[PDB]
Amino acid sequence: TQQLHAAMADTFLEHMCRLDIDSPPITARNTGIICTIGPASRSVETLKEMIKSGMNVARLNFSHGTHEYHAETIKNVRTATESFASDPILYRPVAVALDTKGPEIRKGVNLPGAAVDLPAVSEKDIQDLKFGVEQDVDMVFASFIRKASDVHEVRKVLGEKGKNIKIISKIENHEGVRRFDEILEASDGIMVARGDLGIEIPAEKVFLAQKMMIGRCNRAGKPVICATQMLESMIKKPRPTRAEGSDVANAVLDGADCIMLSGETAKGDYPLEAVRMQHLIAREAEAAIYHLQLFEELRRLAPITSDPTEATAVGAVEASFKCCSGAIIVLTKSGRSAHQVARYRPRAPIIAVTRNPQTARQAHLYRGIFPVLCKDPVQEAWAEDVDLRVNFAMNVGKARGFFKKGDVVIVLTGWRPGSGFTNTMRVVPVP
């Protein structure tokens, strides 16, 4: 009863009328969880407890701290992550995100609708960005991105050694919102950094820009993060306010791909509980999603394509709703084939099984993608290697309770090795 009665309502109002607090959700949680790591959670042993509580991405705020400090944070993060590698099935990749300092003023001061002469990427940012490339980070949260000319300046700094590092522009000013479209078309994703946004724009208007930015990225198929202050009271209290709970649930209902925690995990006194709460609420909001309107409106807004993979993805999502599938298993190398299934927001989890660890780590940016890293070696026959990576996803889904033997799942593959060829959709029962 994953709010399936509400998902069959002919109207959006009756769908709300049918929401049932006694109807439990599916064990799979589709929204990524980004926890800012700091003094309260840098310990290697407590980082393990945060992975178990559902952390997907470890955020590193570079507004303070030295490279020697952040390298120890990354060292322990990876130590906690690989502590579960003694198990390929239940292992879970954890990403490393670099939030740059950006154009600041420092105690930090703020100035609304003004010019901000500071450059997009100063030498402090360049030395921090090149540090991330050396540390093998998975993504960059570029702060105070005001125009498209800033993302290109950041992309050039990362260079070709980190060409595959995904850039997440942080909308933090009024100019960034006013010029959001050229920023989104230039970025790998967007973060709605409500923290600094609520000071530059009127606080009563932050919800307008958040829902606008999430929708526009939702139609564009790009990840969007809701950031800062979702459970701020949890910094000193073990339970969030009613407003904070509904904020996390509404961000997931708005369509945000990941939800973020900053002070709640960096310096607060209840970092484990804040991660556990965000996991619980996001899973509940995923059940309350009105997929009947979401899947239709996303398809109607999406254009016709000559791309075989895009056509397979829509058909795969349409097939999953038809048979209430346990998961969408997608063989992917660069994550792209999994990203194209995610943009149509299926209900079932997207078990994106891959061999590239960086794509498994970057998979958390997208809603509903559950990456699994296959350490098995390539078989001589390609057919055997494809079905091996699919059976690897079957064993994972059974262990993580995503589905059981006899259930129906959709498997996405392609006709030849290499990337951009995902074009084969199969409806197979779980062995």
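The first residue of the sequence shown is number 1, and the count goes up from there.
For this session: Look at the other compared PDB entries that model both sides of residue 335, then say whether a third or more of them leave it out.
Result: That residue is present in all of the other compared entries.
For this session: Establish whether the other compared PDB entries of this protein leave residue 136 unmodelled at least a third of the time.
Result: It is not, since residue 136 is included in all of the other entries that model both flanking stretches.
For this session: Please say, as none, 1 to 3, 4 to 9, or 10 or more, how many residues of the deposited sequence are without coordinates in the interval between residue 106 and residue 107.
Result: In the deposited sequence, 10 or more residues between these two have no coordinates.
Problem set entry | Higher-scoring stretch by recorded Cα B factor average, 79-87 or 325-333 | So the stretch with the higher mean C-alpha B-factor is 79-87.
Problem set entry | Of 199-207 and 107-115, the one with larger mean CA B-factor | Stretch with the higher mean C-alpha B-factor: 107-115.
Problem set entry | Among 370, 403, 62, 366 - the residue whose C-alpha B-factor is largest in the record | Of 370, 403, 62, 366, 62 has the highest C-alpha B-factor.
Problem set entry | Residue of maximum C-alpha B factor among 121, 94, 277, 252, per deposited coordinates | Out of 121, 94, 277, 252, the record gives the largest C-alpha B-factor to 121.
For this session: Would you mind checking where the Cα B-factor of residue 265 ranks among the modelled residues of its chain, as the lowest, middle or highest third?
Result: Ranked within chain, residue 265 CA B lands in the lowest tercile.
For this session: Please place residue 161 in the lowest, middle or highest third of its chain by C-alpha B factor as given in the entry.
Result: Top third by C-alpha B-factor.
Problem set entry | Chain-relative CA temperature factor third for residue 126 | For residue 126, whose C-alpha B-factor we compare with every modelled residue in the chain, the answer is the highest third.
Exercise. Thinking about Cα B factors across the chain, which third does residue 430 belong to?
Worked result: It belongs to the middle third of the chain when residues are ordered by C-alpha B-factor.
Problem set entry | Cα B factor band for residue 52 (lowest, middle or highest third within the chain) | Answer is middle: the recorded C-alpha B-factor places it there.
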